[PDB]
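J.: mmCIF, N, CA and C atoms, file model-v7.cif:
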data_final
loop_
_atom_site.label_atom_id
_atom_site.label_comp_id
_atom_site.auth_asym_id
_atom_site.auth_seq_id
_atom_site.Cartn_x
_atom_site.Cartn_y
_atom_site.Cartn_z
N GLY F 1 -7.84 68.04 27.39
CA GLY F 1 -6.53 68.24 26.68
C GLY F 1 -5.33 67.80 27.51
N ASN F 2 -5.01 68.58 28.54
CA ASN F 2 -3.88 68.31 29.44
C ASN F 2 -3.90 69.38 30.53
N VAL F 3 -4.64 70.46 30.27
CA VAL F 3 -4.75 71.58 31.20
C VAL F 3 -5.91 71.37 32.18
N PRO F 4 -5.61 71.33 33.49
CA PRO F 4 -6.69 71.13 34.47
C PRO F 4 -7.62 72.35 34.46
N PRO F 5 -8.87 72.17 33.99
CA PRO F 5 -9.89 73.23 33.90
C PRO F 5 -10.02 74.14 35.12
N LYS F 6 -10.07 75.44 34.87
CA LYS F 6 -10.23 76.40 35.95
C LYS F 6 -11.71 76.39 36.26
N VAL F 7 -12.05 76.36 37.54
CA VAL F 7 -13.43 76.37 37.99
C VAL F 7 -13.46 77.09 39.34
N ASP F 8 -13.97 78.32 39.32
CA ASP F 8 -14.04 79.16 40.51
C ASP F 8 -14.97 78.72 41.63
N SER F 9 -16.21 78.39 41.29
CA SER F 9 -17.22 77.93 42.25
C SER F 9 -16.63 77.15 43.44
N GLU F 10 -17.12 77.44 44.64
CA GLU F 10 -16.63 76.74 45.82
C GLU F 10 -17.11 75.28 45.88
N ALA F 11 -16.21 74.40 46.31
CA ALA F 11 -16.49 72.96 46.39
C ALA F 11 -17.49 72.46 47.41
N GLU F 12 -17.99 71.26 47.16
CA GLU F 12 -18.93 70.57 48.03
C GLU F 12 -18.09 69.53 48.75
N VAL F 13 -18.28 69.39 50.05
CA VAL F 13 -17.50 68.43 50.82
C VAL F 13 -18.14 67.05 50.84
N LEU F 14 -17.39 66.05 50.37
CA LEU F 14 -17.88 64.68 50.32
C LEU F 14 -17.23 63.85 51.41
N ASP F 15 -16.15 64.36 51.97
CA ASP F 15 -15.43 63.63 53.01
C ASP F 15 -14.43 64.58 53.65
N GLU F 16 -13.76 64.13 54.70
CA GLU F 16 -12.77 64.96 55.38
C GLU F 16 -11.68 65.30 54.37
N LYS F 17 -11.25 64.31 53.59
CA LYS F 17 -10.21 64.50 52.59
C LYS F 17 -10.67 64.45 51.13
N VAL F 18 -11.95 64.76 50.90
CA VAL F 18 -12.49 64.76 49.54
C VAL F 18 -13.50 65.88 49.33
N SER F 19 -13.35 66.61 48.23
CA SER F 19 -14.27 67.69 47.89
C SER F 19 -14.46 67.73 46.37
N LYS F 20 -15.54 68.37 45.91
CA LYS F 20 -15.84 68.38 44.48
C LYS F 20 -16.45 69.66 43.91
N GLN F 21 -16.16 69.91 42.64
CA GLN F 21 -16.67 71.05 41.88
C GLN F 21 -17.24 70.46 40.59
N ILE F 22 -18.52 70.69 40.32
CA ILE F 22 -19.15 70.16 39.12
C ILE F 22 -18.92 71.05 37.90
N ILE F 23 -18.49 70.43 36.81
CA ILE F 23 -18.22 71.14 35.56
C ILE F 23 -19.46 71.08 34.68
N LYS F 24 -19.97 69.86 34.52
CA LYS F 24 -21.15 69.60 33.71
C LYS F 24 -22.11 68.69 34.45
N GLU F 25 -23.33 69.17 34.68
CA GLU F 25 -24.36 68.39 35.36
C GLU F 25 -24.69 67.16 34.53
N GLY F 26 -25.07 66.09 35.21
CA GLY F 26 -25.43 64.87 34.51
C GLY F 26 -26.91 64.59 34.72
N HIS F 27 -27.31 63.33 34.57
CA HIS F 27 -28.71 62.97 34.75
C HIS F 27 -28.86 61.64 35.47
N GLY F 28 -30.09 61.33 35.88
CA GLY F 28 -30.32 60.07 36.56
C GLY F 28 -29.93 60.17 38.00
N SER F 29 -30.03 59.06 38.72
CA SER F 29 -29.69 59.05 40.13
C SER F 29 -28.23 58.72 40.35
N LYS F 30 -27.76 58.95 41.58
CA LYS F 30 -26.40 58.65 41.95
C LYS F 30 -26.34 57.14 41.99
N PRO F 31 -25.14 56.56 41.85
CA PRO F 31 -25.01 55.10 41.88
C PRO F 31 -25.17 54.55 43.27
N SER F 32 -25.47 53.27 43.37
CA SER F 32 -25.62 52.64 44.66
C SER F 32 -24.26 52.07 45.03
N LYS F 33 -24.11 51.65 46.28
CA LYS F 33 -22.85 51.08 46.72
C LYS F 33 -22.65 49.80 45.92
N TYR F 34 -21.40 49.47 45.64
CA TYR F 34 -21.09 48.25 44.90
C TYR F 34 -21.42 48.31 43.41
N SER F 35 -21.86 49.47 42.95
CA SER F 35 -22.19 49.67 41.54
C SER F 35 -20.95 49.67 40.63
N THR F 36 -21.13 49.22 39.39
CA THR F 36 -20.04 49.23 38.42
C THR F 36 -20.09 50.56 37.68
N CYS F 37 -18.97 51.25 37.65
CA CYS F 37 -18.89 52.54 37.00
C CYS F 37 -17.87 52.57 35.87
N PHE F 38 -18.27 53.17 34.76
CA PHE F 38 -17.39 53.32 33.61
C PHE F 38 -17.10 54.81 33.55
N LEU F 39 -15.82 55.16 33.51
CA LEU F 39 -15.45 56.56 33.50
C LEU F 39 -14.12 56.92 32.86
N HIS F 40 -14.01 58.18 32.47
CA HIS F 40 -12.81 58.75 31.89
C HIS F 40 -12.27 59.71 32.95
N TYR F 41 -10.96 59.93 32.98
CA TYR F 41 -10.41 60.86 33.95
C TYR F 41 -8.94 61.21 33.74
N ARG F 42 -8.56 62.37 34.26
CA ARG F 42 -7.18 62.83 34.20
C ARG F 42 -6.78 63.05 35.65
N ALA F 43 -5.51 62.84 35.96
CA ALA F 43 -5.06 63.03 37.32
C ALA F 43 -3.81 63.88 37.34
N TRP F 44 -3.77 64.82 38.27
CA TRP F 44 -2.65 65.74 38.41
C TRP F 44 -2.24 65.82 39.87
N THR F 45 -0.94 65.86 40.13
CA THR F 45 -0.45 66.02 41.49
C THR F 45 -0.65 67.51 41.71
N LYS F 46 -1.22 67.86 42.85
CA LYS F 46 -1.49 69.26 43.18
C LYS F 46 -0.28 70.17 43.26
N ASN F 47 0.82 69.69 43.80
CA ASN F 47 1.95 70.59 43.94
C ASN F 47 2.98 70.79 42.84
N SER F 48 2.77 70.18 41.68
CA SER F 48 3.68 70.40 40.56
C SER F 48 2.78 70.53 39.34
N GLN F 49 1.54 70.07 39.51
CA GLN F 49 0.53 70.11 38.47
C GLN F 49 0.95 69.24 37.30
N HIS F 50 1.52 68.09 37.64
CA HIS F 50 1.96 67.12 36.64
C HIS F 50 0.85 66.14 36.34
N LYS F 51 0.58 65.93 35.06
CA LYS F 51 -0.46 64.99 34.65
C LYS F 51 0.15 63.59 34.57
N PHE F 52 -0.26 62.71 35.47
CA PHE F 52 0.28 61.35 35.46
C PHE F 52 -0.73 60.30 35.02
N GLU F 53 -1.91 60.75 34.61
CA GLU F 53 -2.95 59.84 34.14
C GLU F 53 -3.92 60.62 33.25
N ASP F 54 -4.35 60.00 32.15
CA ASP F 54 -5.26 60.62 31.18
C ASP F 54 -5.90 59.52 30.34
N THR F 55 -7.03 58.99 30.80
CA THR F 55 -7.72 57.93 30.06
C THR F 55 -8.25 58.38 28.71
N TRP F 56 -8.52 59.67 28.55
CA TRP F 56 -9.00 60.18 27.26
C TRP F 56 -7.89 60.07 26.23
N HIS F 57 -6.68 60.46 26.60
CA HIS F 57 -5.56 60.39 25.67
C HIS F 57 -5.32 58.95 25.24
N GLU F 58 -5.33 58.02 26.19
CA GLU F 58 -5.09 56.62 25.83
C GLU F 58 -6.33 55.89 25.35
N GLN F 59 -7.40 56.63 25.12
CA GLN F 59 -8.66 56.06 24.64
C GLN F 59 -9.01 54.79 25.39
N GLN F 60 -8.90 54.81 26.71
CA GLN F 60 -9.20 53.62 27.50
C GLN F 60 -9.90 53.93 28.82
N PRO F 61 -11.23 54.13 28.79
CA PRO F 61 -11.92 54.43 30.04
C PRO F 61 -11.78 53.25 31.00
N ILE F 62 -11.98 53.49 32.29
CA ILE F 62 -11.85 52.40 33.24
C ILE F 62 -13.16 51.94 33.82
N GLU F 63 -13.11 50.78 34.45
CA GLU F 63 -14.26 50.19 35.11
C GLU F 63 -13.91 50.21 36.58
N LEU F 64 -14.68 50.95 37.35
CA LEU F 64 -14.45 51.07 38.78
C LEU F 64 -15.62 50.48 39.55
N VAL F 65 -15.37 49.42 40.31
CA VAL F 65 -16.44 48.81 41.10
C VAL F 65 -16.39 49.40 42.51
N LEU F 66 -17.35 50.26 42.81
CA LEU F 66 -17.44 50.90 44.11
C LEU F 66 -17.45 49.86 45.23
N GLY F 67 -16.55 50.03 46.20
CA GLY F 67 -16.46 49.09 47.31
C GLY F 67 -15.35 48.09 47.08
N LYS F 68 -14.85 48.00 45.86
CA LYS F 68 -13.76 47.08 45.56
C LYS F 68 -12.64 47.76 44.78
N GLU F 69 -12.63 49.10 44.81
CA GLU F 69 -11.61 49.85 44.10
C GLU F 69 -10.25 49.69 44.76
N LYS F 70 -9.19 49.89 43.98
CA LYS F 70 -7.84 49.80 44.52
C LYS F 70 -7.71 50.90 45.57
N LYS F 71 -6.73 50.76 46.45
CA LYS F 71 -6.54 51.75 47.50
C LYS F 71 -6.15 53.13 46.98
N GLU F 72 -5.36 53.17 45.91
CA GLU F 72 -4.91 54.44 45.36
C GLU F 72 -6.03 55.26 44.71
N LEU F 73 -7.20 54.66 44.56
CA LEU F 73 -8.35 55.34 43.95
C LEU F 73 -9.46 55.57 44.97
N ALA F 74 -9.16 55.30 46.24
CA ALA F 74 -10.12 55.45 47.34
C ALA F 74 -10.82 56.79 47.30
N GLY F 75 -10.04 57.86 47.16
CA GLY F 75 -10.60 59.20 47.10
C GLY F 75 -11.46 59.40 45.87
N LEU F 76 -10.94 58.97 44.72
CA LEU F 76 -11.68 59.11 43.48
C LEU F 76 -13.04 58.44 43.60
N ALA F 77 -13.05 57.20 44.11
CA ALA F 77 -14.28 56.43 44.29
C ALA F 77 -15.32 57.23 45.09
N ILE F 78 -14.87 57.84 46.18
CA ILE F 78 -15.75 58.64 47.02
C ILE F 78 -16.37 59.77 46.20
N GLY F 79 -15.58 60.36 45.31
CA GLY F 79 -16.09 61.42 44.48
C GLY F 79 -17.08 60.87 43.48
N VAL F 80 -16.71 59.79 42.80
CA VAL F 80 -17.56 59.15 41.81
C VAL F 80 -18.91 58.78 42.38
N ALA F 81 -18.89 58.26 43.60
CA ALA F 81 -20.12 57.85 44.28
C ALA F 81 -21.11 59.00 44.41
N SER F 82 -20.64 60.23 44.23
CA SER F 82 -21.50 61.39 44.37
C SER F 82 -21.92 61.95 43.02
N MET F 83 -21.49 61.30 41.95
CA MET F 83 -21.80 61.78 40.62
C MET F 83 -22.95 61.08 39.91
N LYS F 84 -23.54 61.79 38.96
CA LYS F 84 -24.63 61.27 38.16
C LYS F 84 -23.99 60.84 36.86
N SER F 85 -24.73 60.13 36.03
CA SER F 85 -24.20 59.67 34.76
C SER F 85 -24.03 60.82 33.79
N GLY F 86 -22.88 60.87 33.13
CA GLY F 86 -22.62 61.93 32.18
C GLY F 86 -22.07 63.18 32.85
N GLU F 87 -21.96 63.15 34.17
CA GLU F 87 -21.44 64.31 34.88
C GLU F 87 -19.92 64.40 34.73
N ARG F 88 -19.43 65.63 34.75
CA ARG F 88 -18.01 65.89 34.64
C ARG F 88 -17.66 66.83 35.79
N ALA F 89 -16.68 66.45 36.60
CA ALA F 89 -16.31 67.28 37.74
C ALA F 89 -14.85 67.17 38.14
N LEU F 90 -14.45 68.10 39.00
CA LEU F 90 -13.09 68.11 39.53
C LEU F 90 -13.16 67.49 40.91
N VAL F 91 -12.23 66.61 41.22
CA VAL F 91 -12.23 65.97 42.52
C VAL F 91 -10.89 66.18 43.21
N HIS F 92 -10.97 66.84 44.36
CA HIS F 92 -9.80 67.15 45.16
C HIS F 92 -9.67 66.08 46.21
N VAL F 93 -8.57 65.35 46.14
CA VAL F 93 -8.33 64.24 47.04
C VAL F 93 -7.07 64.34 47.89
N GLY F 94 -7.25 64.24 49.20
CA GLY F 94 -6.11 64.29 50.09
C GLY F 94 -5.28 63.07 49.82
N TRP F 95 -3.96 63.20 49.96
CA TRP F 95 -3.08 62.07 49.73
C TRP F 95 -3.45 60.84 50.55
N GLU F 96 -4.02 61.04 51.73
CA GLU F 96 -4.41 59.92 52.58
C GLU F 96 -5.27 58.93 51.80
N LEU F 97 -6.14 59.45 50.94
CA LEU F 97 -7.01 58.60 50.15
C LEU F 97 -6.45 58.30 48.76
N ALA F 98 -5.18 58.64 48.54
CA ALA F 98 -4.52 58.43 47.25
C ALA F 98 -3.32 57.49 47.35
N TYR F 99 -2.12 57.99 47.05
CA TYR F 99 -0.91 57.18 47.12
C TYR F 99 -0.23 57.28 48.50
N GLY F 100 -0.95 57.86 49.45
CA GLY F 100 -0.49 57.98 50.82
C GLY F 100 0.89 58.51 51.18
N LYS F 101 1.31 58.15 52.38
CA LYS F 101 2.58 58.55 52.97
C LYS F 101 3.80 58.44 52.06
N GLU F 102 3.95 57.29 51.40
CA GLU F 102 5.11 57.03 50.54
C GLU F 102 4.97 57.43 49.08
N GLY F 103 3.74 57.56 48.60
CA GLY F 103 3.54 57.89 47.20
C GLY F 103 3.75 56.65 46.33
N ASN F 104 4.25 56.85 45.12
CA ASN F 104 4.50 55.75 44.20
C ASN F 104 5.83 55.97 43.48
N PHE F 105 6.57 54.88 43.30
CA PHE F 105 7.87 54.91 42.65
C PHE F 105 7.86 55.31 41.18
N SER F 106 7.06 54.61 40.38
CA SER F 106 6.97 54.92 38.96
C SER F 106 5.74 54.30 38.31
N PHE F 107 5.36 54.84 37.16
CA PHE F 107 4.21 54.38 36.41
C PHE F 107 2.99 54.16 37.32
N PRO F 108 2.52 55.23 37.98
CA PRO F 108 3.06 56.58 37.90
C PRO F 108 4.02 56.95 39.03
N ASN F 109 4.75 58.03 38.83
CA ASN F 109 5.65 58.50 39.86
C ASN F 109 4.88 59.57 40.61
N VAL F 110 4.47 59.25 41.83
CA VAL F 110 3.74 60.20 42.66
C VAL F 110 4.51 60.40 43.94
N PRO F 111 4.83 61.67 44.27
CA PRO F 111 5.58 62.02 45.48
C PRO F 111 4.83 61.62 46.75
N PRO F 112 5.54 61.57 47.88
CA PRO F 112 4.93 61.20 49.16
C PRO F 112 3.94 62.28 49.60
N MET F 113 2.86 61.87 50.25
CA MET F 113 1.84 62.80 50.74
C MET F 113 1.49 63.85 49.69
N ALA F 114 1.25 63.40 48.47
CA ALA F 114 0.91 64.32 47.39
C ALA F 114 -0.59 64.43 47.13
N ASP F 115 -1.18 65.57 47.46
CA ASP F 115 -2.60 65.76 47.22
C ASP F 115 -2.81 65.71 45.72
N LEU F 116 -3.97 65.22 45.30
CA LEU F 116 -4.26 65.09 43.89
C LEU F 116 -5.51 65.82 43.43
N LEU F 117 -5.58 65.98 42.11
CA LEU F 117 -6.71 66.60 41.46
C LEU F 117 -7.17 65.63 40.39
N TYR F 118 -8.48 65.49 40.26
CA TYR F 118 -9.04 64.61 39.24
C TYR F 118 -10.09 65.35 38.45
N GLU F 119 -10.12 65.08 37.16
CA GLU F 119 -11.11 65.65 36.28
C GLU F 119 -11.77 64.38 35.80
N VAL F 120 -12.91 64.05 36.39
CA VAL F 120 -13.60 62.82 36.03
C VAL F 120 -14.97 62.96 35.38
N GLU F 121 -15.21 62.12 34.38
CA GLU F 121 -16.49 62.11 33.70
C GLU F 121 -17.01 60.68 33.71
N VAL F 122 -18.16 60.49 34.35
CA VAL F 122 -18.77 59.18 34.45
C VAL F 122 -19.55 58.81 33.20
N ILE F 123 -19.12 57.75 32.54
CA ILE F 123 -19.80 57.28 31.34
C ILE F 123 -21.14 56.67 31.78
N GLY F 124 -21.18 56.17 33.01
CA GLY F 124 -22.40 55.58 33.52
C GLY F 124 -22.14 54.42 34.46
N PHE F 125 -23.17 54.03 35.21
CA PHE F 125 -23.09 52.91 36.14
C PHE F 125 -24.19 51.87 35.88
N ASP F 126 -23.99 50.65 36.36
CA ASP F 126 -24.96 49.61 36.10
C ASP F 126 -26.08 49.48 37.13
N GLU F 127 -25.87 50.04 38.32
CA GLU F 127 -26.88 49.96 39.38
C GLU F 127 -27.07 51.32 40.06
N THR F 128 -28.27 51.88 39.94
CA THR F 128 -28.55 53.20 40.53
C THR F 128 -29.60 53.17 41.64
N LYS F 129 -29.56 54.16 42.52
CA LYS F 129 -30.52 54.25 43.63
C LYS F 129 -31.96 54.47 43.16
N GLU F 130 -32.84 53.52 43.47
CA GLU F 130 -34.25 53.61 43.08
C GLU F 130 -35.11 53.67 44.37
N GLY F 131 -35.83 54.77 44.55
CA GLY F 131 -36.67 54.92 45.73
C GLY F 131 -37.75 53.86 45.85
#
Starting from the file, give its structure as structure tokens.
T.:
Amino acid sequence: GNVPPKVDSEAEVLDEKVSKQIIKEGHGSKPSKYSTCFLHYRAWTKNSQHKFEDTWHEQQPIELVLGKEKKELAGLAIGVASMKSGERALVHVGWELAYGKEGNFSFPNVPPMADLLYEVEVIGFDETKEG
């Protein structure tokens, strides 16, 4: 909708500046490096709780190629890399892995050193880890 889902369970650490809470378990294996991922997501700045991104509202999921993602999605990518297909989770990303020191001027307007929250659901990836 627009409200960042409340989820009490304690997070799993994926990186120094990245952690995750699973909302809905998915299936299949985690994606491999360089995998193409299709996903929906909402993004909120942690300190004002402003929603500056919502792919569900704009009916436009994105294509994220792990290893070639834009810098502002570095943290998100790290979270995605830990998800299964169809999984839905909250991803806490330190600003270092987001819009960094300066933030962003507009579209979107993200304050400097602004930690972010992501509610991401992976539609699926094209290459998965096969033992």
J.: Using Å and a single decimal, report how far atom CA of residue F:58 sits from atom CA of residue F:26.
T.: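 Separation of atom CA of residue F:26 and atom CA of residue F:58: 23.6 Å.
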J.: At a cut-off of 5 Å, using all atoms listed in the file, what residues contact stretch 31-47 of chain F? Leave out same-chain residues fewer than 3 positions from it and give the result as number ranges by chain.
T.: F: 50-55, 61-67, 115-129
J.: Return the single residue from F:24, F:1, F:17, F:6 that is closest to residue F:86, with distances computed using only N, CA and C atoms.
T.: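 Closest candidate: F:24.
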J.: Might you pull out every residue within 6 Å of stretch 70-80 of chain F, with only C-alpha atoms counted and same-chain residues fewer than 4 positions away left off, and present them as a ChimeraX atom specification?
T.: /F:93,97-99
J.: Which residue gives the smallest distance to residue F:84 among F:12, F:3, F:21, F:28, with all atoms listed in the file counted?
T.: F:28
J.: Per DSSP on the backbone, what are the strand (DSSP E) residues of chain F, as an mmCIF file with N, CA and C atoms, in the coordinates of the input?
T.:
data_model
loop_
_atom_site.group_PDB
_atom_site.id
_atom_site.type_symbol
_atom_site.label_atom_id
_atom_site.label_comp_id
_atom_site.auth_asym_id
_atom_site.auth_seq_id
_atom_site.Cartn_x
_atom_site.Cartn_y
_atom_site.Cartn_z
ATOM 1 N N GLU F 12 -17.990 71.260 47.160
ATOM 2 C CA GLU F 12 -18.930 70.570 48.030
ATOM 3 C C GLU F 12 -18.090 69.530 48.750
ATOM 4 N N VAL F 13 -18.280 69.390 50.050
ATOM 5 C CA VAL F 13 -17.500 68.430 50.820
ATOM 6 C C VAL F 13 -18.140 67.050 50.840
ATOM 7 N N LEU F 14 -17.390 66.050 50.370
ATOM 8 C CA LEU F 14 -17.880 64.680 50.320
ATOM 9 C C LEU F 14 -17.230 63.850 51.410
ATOM 10 N N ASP F 15 -16.150 64.360 51.970
ATOM 11 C CA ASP F 15 -15.430 63.630 53.010
ATOM 12 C C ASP F 15 -14.430 64.580 53.650
ATOM 13 N N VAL F 18 -11.950 64.760 50.900
ATOM 14 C CA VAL F 18 -12.490 64.760 49.540
ATOM 15 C C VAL F 18 -13.500 65.880 49.330
ATOM 16 N N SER F 19 -13.350 66.610 48.230
ATOM 17 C CA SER F 19 -14.270 67.690 47.890
ATOM 18 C C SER F 19 -14.460 67.730 46.370
ATOM 19 N N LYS F 20 -15.540 68.370 45.910
ATOM 20 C CA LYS F 20 -15.840 68.380 44.480
ATOM 21 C C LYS F 20 -16.450 69.660 43.910
ATOM 22 N N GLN F 21 -16.160 69.910 42.640
ATOM 23 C CA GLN F 21 -16.670 71.050 41.880
ATOM 24 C C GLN F 21 -17.240 70.460 40.590
ATOM 25 N N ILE F 22 -18.520 70.690 40.320
ATOM 26 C CA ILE F 22 -19.150 70.160 39.120
ATOM 27 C C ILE F 22 -18.920 71.050 37.900
ATOM 28 N N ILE F 23 -18.490 70.430 36.810
ATOM 29 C CA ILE F 23 -18.220 71.140 35.560
ATOM 30 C C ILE F 23 -19.460 71.080 34.680
ATOM 31 N N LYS F 24 -19.970 69.860 34.520
ATOM 32 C CA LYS F 24 -21.150 69.600 33.710
ATOM 33 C C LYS F 24 -22.110 68.690 34.450
ATOM 34 N N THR F 36 -21.130 49.220 39.390
ATOM 35 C CA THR F 36 -20.040 49.230 38.420
ATOM 36 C C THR F 36 -20.090 50.560 37.680
ATOM 37 N N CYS F 37 -18.970 51.250 37.650
ATOM 38 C CA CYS F 37 -18.890 52.540 37.000
ATOM 39 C C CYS F 37 -17.870 52.570 35.870
ATOM 40 N N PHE F 38 -18.270 53.170 34.760
ATOM 41 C CA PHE F 38 -17.390 53.320 33.610
ATOM 42 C C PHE F 38 -17.100 54.810 33.550
ATOM 43 N N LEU F 39 -15.820 55.160 33.510
ATOM 44 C CA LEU F 39 -15.450 56.560 33.500
ATOM 45 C C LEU F 39 -14.120 56.920 32.860
ATOM 46 N N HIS F 40 -14.010 58.180 32.470
ATOM 47 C CA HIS F 40 -12.810 58.750 31.890
ATOM 48 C C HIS F 40 -12.270 59.710 32.950
ATOM 49 N N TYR F 41 -10.960 59.930 32.980
ATOM 50 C CA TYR F 41 -10.410 60.860 33.950
ATOM 51 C C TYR F 41 -8.940 61.210 33.740
ATOM 52 N N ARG F 42 -8.560 62.370 34.260
ATOM 53 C CA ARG F 42 -7.180 62.830 34.200
ATOM 54 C C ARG F 42 -6.780 63.050 35.650
ATOM 55 N N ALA F 43 -5.510 62.840 35.960
ATOM 56 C CA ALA F 43 -5.060 63.030 37.320
ATOM 57 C C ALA F 43 -3.810 63.880 37.340
ATOM 58 N N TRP F 44 -3.770 64.820 38.270
ATOM 59 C CA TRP F 44 -2.650 65.740 38.410
ATOM 60 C C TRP F 44 -2.240 65.820 39.870
ATOM 61 N N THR F 45 -0.940 65.860 40.130
ATOM 62 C CA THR F 45 -0.450 66.020 41.490
ATOM 63 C C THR F 45 -0.650 67.510 41.710
ATOM 64 N N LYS F 51 0.580 65.930 35.060
ATOM 65 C CA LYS F 51 -0.460 64.990 34.650
ATOM 66 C C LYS F 51 0.150 63.590 34.570
ATOM 67 N N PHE F 52 -0.260 62.710 35.470
ATOM 68 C CA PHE F 52 0.280 61.350 35.460
ATOM 69 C C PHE F 52 -0.730 60.300 35.020
ATOM 70 N N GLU F 53 -1.910 60.750 34.610
ATOM 71 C CA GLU F 53 -2.950 59.840 34.140
ATOM 72 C C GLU F 53 -3.920 60.620 33.250
ATOM 73 N N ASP F 54 -4.350 60.000 32.150
ATOM 74 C CA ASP F 54 -5.260 60.620 31.180
ATOM 75 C C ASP F 54 -5.900 59.520 30.340
ATOM 76 N N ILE F 62 -11.980 53.490 32.290
ATOM 77 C CA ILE F 62 -11.850 52.400 33.240
ATOM 78 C C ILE F 62 -13.160 51.940 33.820
ATOM 79 N N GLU F 63 -13.110 50.780 34.450
ATOM 80 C CA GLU F 63 -14.260 50.190 35.110
ATOM 81 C C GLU F 63 -13.910 50.210 36.580
ATOM 82 N N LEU F 64 -14.680 50.950 37.350
ATOM 83 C CA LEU F 64 -14.450 51.070 38.780
ATOM 84 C C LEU F 64 -15.620 50.480 39.550
ATOM 85 N N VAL F 65 -15.370 49.420 40.310
ATOM 86 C CA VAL F 65 -16.440 48.810 41.100
ATOM 87 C C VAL F 65 -16.390 49.400 42.510
ATOM 88 N N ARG F 88 -19.430 65.630 34.750
ATOM 89 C CA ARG F 88 -18.010 65.890 34.640
ATOM 90 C C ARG F 88 -17.660 66.830 35.790
ATOM 91 N N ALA F 89 -16.680 66.450 36.600
ATOM 92 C CA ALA F 89 -16.310 67.280 37.740
ATOM 93 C C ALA F 89 -14.850 67.170 38.140
ATOM 94 N N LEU F 90 -14.450 68.100 39.000
ATOM 95 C CA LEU F 90 -13.090 68.110 39.530
ATOM 96 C C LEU F 90 -13.160 67.490 40.910
ATOM 97 N N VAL F 91 -12.230 66.610 41.220
ATOM 98 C CA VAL F 91 -12.230 65.970 42.520
ATOM 99 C C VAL F 91 -10.890 66.180 43.210
ATOM 100 N N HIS F 92 -10.970 66.840 44.360
ATOM 101 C CA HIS F 92 -9.800 67.150 45.160
ATOM 102 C C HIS F 92 -9.670 66.080 46.210
ATOM 103 N N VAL F 93 -8.570 65.350 46.140
ATOM 104 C CA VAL F 93 -8.330 64.240 47.040
ATOM 105 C C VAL F 93 -7.070 64.340 47.890
ATOM 106 N N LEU F 116 -3.970 65.220 45.300
ATOM 107 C CA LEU F 116 -4.260 65.090 43.890
ATOM 108 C C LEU F 116 -5.510 65.820 43.430
ATOM 109 N N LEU F 117 -5.580 65.980 42.110
ATOM 110 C CA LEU F 117 -6.710 66.600 41.460
ATOM 111 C C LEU F 117 -7.170 65.630 40.390
ATOM 112 N N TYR F 118 -8.480 65.490 40.260
ATOM 113 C CA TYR F 118 -9.040 64.610 39.240
ATOM 114 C C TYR F 118 -10.090 65.350 38.450
ATOM 115 N N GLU F 119 -10.120 65.080 37.160
ATOM 116 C CA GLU F 119 -11.110 65.650 36.280
ATOM 117 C C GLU F 119 -11.770 64.380 35.800
ATOM 118 N N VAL F 120 -12.910 64.050 36.390
ATOM 119 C CA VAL F 120 -13.600 62.820 36.030
ATOM 120 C C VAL F 120 -14.970 62.960 35.380
ATOM 121 N N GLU F 121 -15.210 62.120 34.380
ATOM 122 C CA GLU F 121 -16.490 62.110 33.700
ATOM 123 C C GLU F 121 -17.010 60.680 33.710
ATOM 124 N N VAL F 122 -18.160 60.490 34.350
ATOM 125 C CA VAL F 122 -18.770 59.180 34.450
ATOM 126 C C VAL F 122 -19.550 58.810 33.200
ATOM 127 N N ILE F 123 -19.120 57.750 32.540
ATOM 128 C CA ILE F 123 -19.800 57.280 31.340
ATOM 129 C C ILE F 123 -21.140 56.670 31.780
ATOM 130 N N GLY F 124 -21.180 56.170 33.010
ATOM 131 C CA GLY F 124 -22.400 55.580 33.520
ATOM 132 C C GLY F 124 -22.140 54.420 34.460
ATOM 133 N N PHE F 125 -23.170 54.030 35.210
ATOM 134 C CA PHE F 125 -23.090 52.910 36.140
ATOM 135 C C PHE F 125 -24.190 51.870 35.880
#
J.: Report, in Å to a single decimal, how far apart atom CA of residue F:49 and atom CA of residue F:114 are.
T.: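 Separation between atom CA of residue F:114 and atom CA of residue F:49: 10.6 Å.
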J.: Env of residue F:27: 9 Å cut, atoms = only C-alpha atoms, seq-sep filter 2 positions within chain, self excluded. Answer as a ChimeraX atom specification.
T.: /F:25,29-30,84-87
J.: Report, in Å with one decimal, the straight-line distance from atom CA of residue F:131 to atom CA of residue F:88.
T.: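 Value for the atom CA of residue F:131-atom CA of residue F:88 distance: 24.3 Å.
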J.: Let me have the centre and edge lengths in Å, one decimal, of the box along x, y and z around every listed atom of stretch 89-96 of chain F with 5 Å of margin on each side, as AutoDock Vina command-line options.
T.:
--center_x -9.9 --center_y 63.5 --center_z 44.6 --size_x 23.6 --size_y 19.2 --size_z 26.0
J.: Would you please work out which residue, of F:107, F:92, F:2, F:48, is nearest to residue F:19 when using only N, CA and C atoms?
T.: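 Answer, going by the shortest atom-to-atom distance: F:92.
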J.: Among stretch 15-123 of chain F, which ones does DSSP place in alpha helix (DSSP H), written as a PyMOL selection string?
T.: chain F and resi 74-80
J.: How would you write, as a ChimeraX atom specification, the residues chosen by the PyMOL selection byres ((chain F and resi 111) around 7) on this structure?
T.: /F:99-104,109-110,112-114
J.: Measuring atom to atom with only C-alpha atoms, identify which of F:96, F:91, F:68, F:130 is nearest to residue F:13.
T.: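 Looking at the shortest contact to residue F:13, the residue is F:91.
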